[PDB]
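Listed here are the chains, written in short residue letters.
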Amino acid sequence: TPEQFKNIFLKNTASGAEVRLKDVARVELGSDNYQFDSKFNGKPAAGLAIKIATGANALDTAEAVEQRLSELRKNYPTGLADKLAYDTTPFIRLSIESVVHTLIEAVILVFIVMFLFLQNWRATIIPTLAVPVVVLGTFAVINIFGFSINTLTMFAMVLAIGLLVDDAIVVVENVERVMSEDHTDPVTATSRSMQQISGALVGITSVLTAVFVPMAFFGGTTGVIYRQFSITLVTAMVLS
Amino acid sequence: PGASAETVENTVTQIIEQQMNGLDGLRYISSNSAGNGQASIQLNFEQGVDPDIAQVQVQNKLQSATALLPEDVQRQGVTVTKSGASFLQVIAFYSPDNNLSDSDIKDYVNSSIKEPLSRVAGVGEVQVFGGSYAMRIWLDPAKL
Amino acid sequence: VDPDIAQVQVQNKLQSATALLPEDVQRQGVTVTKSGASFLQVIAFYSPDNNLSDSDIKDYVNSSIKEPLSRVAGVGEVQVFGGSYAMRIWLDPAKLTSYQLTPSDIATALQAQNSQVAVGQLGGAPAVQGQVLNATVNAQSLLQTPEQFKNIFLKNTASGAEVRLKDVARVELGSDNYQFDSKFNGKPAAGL
Amino acid sequence: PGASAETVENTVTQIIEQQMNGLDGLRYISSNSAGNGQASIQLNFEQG
Amino acid sequence: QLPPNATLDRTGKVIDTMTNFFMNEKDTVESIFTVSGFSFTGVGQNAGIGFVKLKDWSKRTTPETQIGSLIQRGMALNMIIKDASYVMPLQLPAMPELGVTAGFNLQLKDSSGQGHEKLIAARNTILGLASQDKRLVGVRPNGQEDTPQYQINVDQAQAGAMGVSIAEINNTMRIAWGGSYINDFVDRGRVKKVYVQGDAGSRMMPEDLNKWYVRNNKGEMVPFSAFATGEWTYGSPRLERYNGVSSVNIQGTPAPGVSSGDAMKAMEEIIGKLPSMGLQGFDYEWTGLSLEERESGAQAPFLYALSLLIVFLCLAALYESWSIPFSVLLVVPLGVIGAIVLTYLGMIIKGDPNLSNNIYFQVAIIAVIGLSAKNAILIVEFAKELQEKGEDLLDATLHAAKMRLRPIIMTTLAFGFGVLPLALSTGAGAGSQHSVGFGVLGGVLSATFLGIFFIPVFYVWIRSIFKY
Amino acid sequence: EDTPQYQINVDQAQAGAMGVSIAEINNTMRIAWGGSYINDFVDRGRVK
Amino acid sequence: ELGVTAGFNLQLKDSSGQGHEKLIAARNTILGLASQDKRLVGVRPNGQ
Ligand SMILES: CN(C)[C@@H]1C(=O)C(C(N)=O)=C(O)[C@@]2(O)C(=O)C3=C(O)c4c(O)c(NC(=O)CN5CCCC5)cc(F)c4C[C@H]3C[C@@H]12
């Protein structure tokens, strides 16, 4: 206690009096730091500012912090409250949702235009059925290599939606024409179609895969940004 | 302690800088020397350099650097840290009803909250605003 | 074995023994290095007119050439074969016995009368109400020249006289080490 | 050497523990102070 | 930032005024957390910071409540708050990892080693000129100004004569004025600290240095005034070096409607004027996010060259030809023309500086190259096979164009409708989406109206030069 | 290989008889003959 | 993975610093209720 510190003995006078610490100093319990004054909405407050360790997922870290804090809250003194004054994760979550909505919209629009050109529901369903397969397989493959779900890889997926349905559109369109041209059964007609269009399929795939390949070999921050688009798109085209 | 900014730059900042010239994937160095007596040197690295390897290498060079320093500096200690500039969050602690004092809130944040939060997974560093309790002995030079 | 990891582990162990070392040893400095890469070239800096001593050259290589060369595109390490100046106090025994002084007395006066003074700040953090100014107070105290060391005070004589360092010793700028003498092509030199 | 367990806790264990922040991958810390003068602090890390 | 020698009270008063302004902007601002005595530059009493949370995006949907409107409104606190050096409302960079604030980051170096006075002279010229450029706003130093300092000069000879140990005076003055942590004590089971320092009234002014005494070897007490004088000076509180050279740091922002590249160009124009004004031998470097911007922009030509090369070589490998690859790569300009034209027009008729030559534009350009190659290959591989089967070059090529027109156009429209959602997006990162979408969709349009016409003509020309 | 060396032999007894502590004798020899580093001074902006 | 085999390693923490006597008393209340009520065999405190 401060009283004990007030009583520390210091020296003795020639007359005989005993000099204590209170005789020369003022003792009180104060701060160990007097260089900051923090307020919240104009009212006195205390602040903790957290920085992430390099290599950590911000959303994960923020969830863990809120968990630990909610645990700690149970022993607050009467009258203590807290509140996030500055926080970045709302924007991150919002922008992920933004990209996902635009991806769904992309799919719907592509289906509509394919219907505009393939006038039937049967013809229309085949290139549509390709989308789930290629999207989900691409996620599986790129996760094998450590790529996450971020804004860039989702942009790549949206950009790919309109390329992955290509080989399918070519195939289905050749079948429909062949079936119309010589009226033959779907099975025979299809065998004839593939024999016609295999070279075009390979050429399409080769060019679209090749354009995005050199991108994956640049260094720096720019190379890291590039690799997302590169790897995602390459996997999408091979899978298609 | 006690040195002017020029003395700090000449005697501390420059020699440590010279030692760091020759790290593996170094991109640029930024340093400042202050007149309270402090020196700060921030080393930036190329993309794809492993942070832990960079830290160990910086310590390996600092080991020999620290003998070339003024003996008082040596007594003070040198620190090595890895951290980023941006804050992920800021939490505000306050008394909505004004029935817990500010000294108490500040102390409570420092004694019961700061350490457990700085040990959550992913947190790299915690910066606290408002100090903890201390026993303050304020002297009267007339009575001394 | 990863050489960087081996080096950090060794110096980490070395922390555990530093406190047991002698103070004199401790102050000089214990350094740890790994083997690594070899010499590309050695530059010799010399005085072809025998105008500069080896020590000044060494001191000159260390304070002027070292840091510009370290920043060159591909340099890993720059090392000098030698050091810089020192202030040198050379004591006389008979003079010390005249004034009844000892080497420890001179040492005490040297450590007492050569220091840096730290002060603080004007208007420091827990300031008074209405404080108007905040500034830093710096106090320059360390000595710089042989004349200042010569004029250090030791004691007074019985007959009210003043006895300084210069009365028992020869103050000098000299080398931090005297154990080696190096020449290039026969004349004073320092190696990089 | 020569210290009571309480002395070891106040003058060594808490001083050493108050710097054990900012360690990547840490799960928990267990420390003890014994009356023979020994302080032990065990730091446990996540897998990997 | 506050002028030199400014105390915590004055910094806090500026913050009180500054706080209310944000607090009164009720349709835009949720809360503000402020700290006096702390800044990103460093810790001093004349620095301070504010963290300002705006209301939710759902509510701030009118023009008045946009982040940039508030930034402009706050940029008048410089004019109204008169005790501050500057009060700067700033934004986070797109990637908060890579920086601390949005803007440019410039290091002014003293290449010729002229000195701190000359370096400051150059910096002040730069700031003066940048004040007059209409393309820049908020250009400021990011480092502490030169300040008055109090210098004590201790008279060693007098102290030695008086019996005073310079180490003893160090100890006493250090503890009294600066404070010193001695040892710990326990409070509720936690170890805290004990400090000893002089009382506040004794350590405010230089005249209080005359209240402190030092014990001499005889043990008597001689005042500090006996062997110390004191003087006011002028000096630098914080010296900086960038890349082993003395330097200063300048930061700013582009004015509304101006790109980051244009801000950097304006700054470099300004810096070039220095020698003409007599100040010679100063260099600069771009650091931070500006350094990343320059490096990303530098390498687009190499990305384009490499992608075109690989397309050429794979197409040569797949059709065992040299003429077919040249025909294919000859129509890449027509795809690329739409991408650039639509991007530029969108920037001009939307006034958006984000629609520009950036990283997202670069990936869009590679994508457009790919689409153009795809369309070409579709026509030409069928033309070539028709010629091998036995058919005039023109008959084969016209037939192939006729036969493939339908699949080419429906695939190109599929791609173009895929990316249209990006161009029409809103909120939460719509700038990046706009760059990608505008580039790709423009490319799709020119490829559909210009490319298909040019594929057959280039094919027939090339194949007429190199027959069979 | 081993080389001649010189050993100093100080009678503790005479020193005690003569009023000199063994510690004083040790320190005198140490500084006089061995040399000693005391502290630093800043010559032209560099520490020596 | 442990000094000796055991299950249900529980740790009782003295949040808000009550003291050692209080912590022991709280532990003792716990240990008393553990034996007496249900589904518990051999509940004991570990250290000295
Ligand atoms: C010069 N060059 C042609 C040689 C060469 O051609 C070859 C080669 N090509 O192999 C060699 O090996 C060399 O590089 C080499 O081995 C040497 C050193 O190490 C070394 C040393 O370490 C210390 N040690 C100290 O402490 C000195 N400090 C100064 C301040 C206090 C003490 C003192 C010292 F004279 C040397 C000499 C060099 C010689 C050098």
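Parameters at a glance
- Residues numbered from 1 in each chain as written, not as in the entry; some residues may be left out.
- Chains lettered and ligands numbered in written order.
- Part of a larger assembly, values for the part shown.
- Heavy atoms only, no water.
- Near = heavy atom within 4 Å.
- Areas by Shrake-Rupley, 256 points an atom, 1.4 Å probe, with all protein chains shown as cover.
- Nonpolar A, V, L, I, M, F, W, Y, C, P; charged D, E, K, R; others polar.
- Contact = heavy atoms within 4.5 Å.
- Buried area = accessible area lost by both parts, 1.4 Å probe.
- Salt bridge = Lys/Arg side-chain N within 4 Å of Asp/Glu carboxyl O.
- Polar contact = N/O pair within 3.5 Å; in protein donor to acceptor, adjacent residues only side chain to side chain.
- Helix = DSSP H or I, 4+ residues; strand = E, 2+ residues; numbered from the N terminus.
- Pairing = 2+ DSSP bridges.
- Axes fitted to C-alpha atoms, helices over the stretch in contact; angles between N-to-C directions.
- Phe/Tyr/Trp six-rings, centres within 6.5 Å; stacked < 30°, edge-to-face > 60°.
- Buried < 20%, exposed > 50% of the residue type's maximum accessible area, 1.4 Å probe, protein only.
- Expected span 1.5 Å × (residues − 1).
- Arc of directions from axis to C-beta.

Header annotation of the entry names cryo-EM as the structure determination method and lists the resolution as 2.86 Å.

Caption draft 1: Main features of the site of the ligand. Residue and element names in this part refer to chain C. What surrounds the ligand is the set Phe39, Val42, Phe81, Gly82 and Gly83. Here the ligand, which alone exposes 760 Å², has 33% of that area covered by the protein. Of the residues assigned to the shell around the ligand, the class counts are three nonpolar, two polar and no charged.

Caption draft 2: Quick peek at the interface of chain B and chain A. At the junction of the two partners, chain B supplies 51 residues and chain A supplies 58 residues. Of the roughly 5,300 Å² buried at the junction of chain B and chain A (both faces included), carbon and sulfur atoms supply 65%. When residues of chain B are sorted by the area they lose upon contact with chain A, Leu88(B), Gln89(B) and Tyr94(B) head the list and together hold 16% of the total. In this structure, the salt-bridge partner of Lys51(A) is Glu125(B), at a minimum N-O distance of 3.2 Å. On inspection of chain B and its partner chain A, the count reaches 22 residue pairs in polar contact. Going through the elements one at a time, β3 (89-94), α4 (102-117), β4 (123-129) and β5 (133-139) of chain B are the ones with two or more residues in the side of chain B that touches chain A. Residue contributions to the side of chain B that touches chain A peak at ten residues, all from α4(B). Its residues assigned to classes, the side of chain B that touches chain A shows 30 nonpolar, 13 polar and eight charged.

Caption draft 3: Spatial organisation of the pattern of salt bridges. Overall, the coordinates contain 36 salt bridges over all chains when judged by the stated rule. A salt bridge links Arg73(A) to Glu66(A); its shortest N-O distance comes to 3.1 Å. Where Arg68(A) meets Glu71(A), a salt bridge forms, and the shortest distance between an N and an O atom there is 3.2 Å. With a gap of three residues between them, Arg68(A) and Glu71(A) both fall in helix α2 (residues 58-72), about one helical turn apart. Through salt bridges that share partners, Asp59(C), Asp43(F), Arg44(F) and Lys48(F) make up one connected network.

Caption draft 4: Fine view of the sheet that holds strand β5 (residues 147-153) of chain E. Ordered by their spatial adjacency, four strands build an open sheet running β3(C)-β4(C)-β5(E)-β10(E), and the pairing between neighbours is mixed. At either end of the open sheet lies a strand with only one pairing partner, and these are β3 (117-122) of chain C together with β10 (231-235) of chain E. Between one strand axis and the next, the sheet turns by 35 degrees as a mean value, whatever way the strands run. When strand β4 (residues 135-140) of chain C meets β5(E), the two strands line up parallel, connected through four bridges.

Caption draft 5: Representation of the packing of aromatic side chains. The full count for this structure, using the stated rule, is 32 aromatic pairs over all chains. Relative to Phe302(E), the ring of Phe218(A) has its centre 6.4 Å away and its plane inclined at 70 degrees; by these criteria the two rings are edge-to-face. Here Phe218(A), found in the loop between α7 (186-211) and α8 (220-239), pairs with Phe302(E), found in helix α9 (residues 300-319), and the two come from separate chains. The exposure class of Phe302(E) is exposed, given its relative accessible area of 56%. Their ring planes at 85 degrees and their centres at 6.0 Å tell us that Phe104(E) and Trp286(E) sit as a pair that is edge-to-face. Of this pair, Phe104(E) sits in strand β3 (residues 104-109) while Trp286(E) sits in strand β13 (residues 283-286), and the two are 182 residues apart along the sequence.

Caption draft 6: Up close: the interface of chain E and chain A. On the chain A side, the residues contacting the 71 residues of chain E number 62 residues. Of the roughly 5,900 Å² buried where chain E meets chain A, counting both sides, 74% is carbon and sulfur surface. Applying the counting criterion to the chain E and chain A interface returns two salt bridges. Here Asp199(E) and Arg26(A) are joined by a salt bridge, their closest N and O atoms 3.0 Å apart. Connecting chain E to chain A are six residue pairs in polar contact. Per-element accounting of the side of chain E that touches chain A gives the leading share, 15 residues, to helix α13 (residues 393-423) of chain E. Looking at the side of chain E that touches chain A residue by residue, the class counts come to 45 nonpolar, 17 polar and nine charged. In this structure, strand β4 (residues 37-40) of chain A lies alongside strand β1 (residues 29-38) of chain E, joined through four bridges in antiparallel fashion. Each bridged residue has a counterpart across the sheet, and for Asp37(A) the counterpart in β1(E) is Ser36(E).

Caption draft 7: Examining the arrangement of the chains more closely. Inter-chain contacts occur across 14 pairs of chains; the most extensive set of contacts lies between chains A and B. Regarding chain D and chain F, the two do not touch, and the least distance separating their C-alpha atoms is 28 Å. Considering only C-alpha positions, the minimal separation of the non-contacting chain E and chain F is 12 Å.

Caption draft 8: View of helix α4 (residues 116-132) of chain E. Residue and element names in this part refer to chain E. In this model, α4 (17 residues) spans 25 Å end to end at C-alpha, consistent with the 24 Å of a helix rising 1.5 Å per residue. Among the residues of α4, those classed as buried are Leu119, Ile120, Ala122, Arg123, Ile126, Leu127 and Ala130. Projection of α4 onto a plane perpendicular to its axis shows the buried side chains occupying an angular sector of 160 degrees, all on one side. Of the exposed residues in α4, those oriented more than 90 degrees away from the buried face are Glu117, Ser131 and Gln132. Here the buried face of α4 lies against β3, β4 (136-141), β12 (245-254) and α7 (260-272).

Caption draft 9: Summary view of the sheet that holds strand β2 (residues 43-54) of chain E. Here four strands make up an open sheet; going across it, the order is β5(A)-β4(A)-β1(E)-β2(E) and the pairing antiparallel. Either end of the sheet is taken by a strand with one partner, and the two such strands are β5 (43-44) of chain A together with β2 of chain E. Bridge analysis of β1(E) against β2(E) gives eight bridges, and the strand direction is antiparallel. Bridged to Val29(E) within β2(E) is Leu54(E). Contacts between helix α1 (residues 8-24) of chain E and the sheet are confined to β4 of chain A together with β1 and β2 of chain E, with β1(E) contributing the most and set at about 170 degrees to the helix.

Caption draft 10: Quick look at the environment of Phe45(C). Residue and element names in this part refer to chain C. Topologically, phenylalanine 45 is positioned in strand β1 (residues 44-46). Note on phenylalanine 45: relative accessible area 24%, which makes it partly exposed. As a C-alpha pair, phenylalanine 45 and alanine 189 span 144 residues in sequence and 5.4 Å in three-dimensional space. Those residues in contact with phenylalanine 45 that sit more than four places away from it in its chain are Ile57, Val61, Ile65, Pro188, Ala189, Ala190 and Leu192.

Caption draft 11: Seen up close, the side chain of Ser36(E). Mapped onto the secondary structure, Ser36(E) falls in strand β1. By relative accessible area, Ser36(E) is classed as buried at 4%. A distance of 3.4 Å separates a polar side-chain atom of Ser36(E) from the backbone nitrogen of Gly12(E). With residues up to four places along the chain from it excluded, the contact list for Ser36(E) reads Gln35(A), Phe36(A), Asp37(A), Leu8(E), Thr11(E), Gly12(E), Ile15(E), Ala47(E) and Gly48(E).

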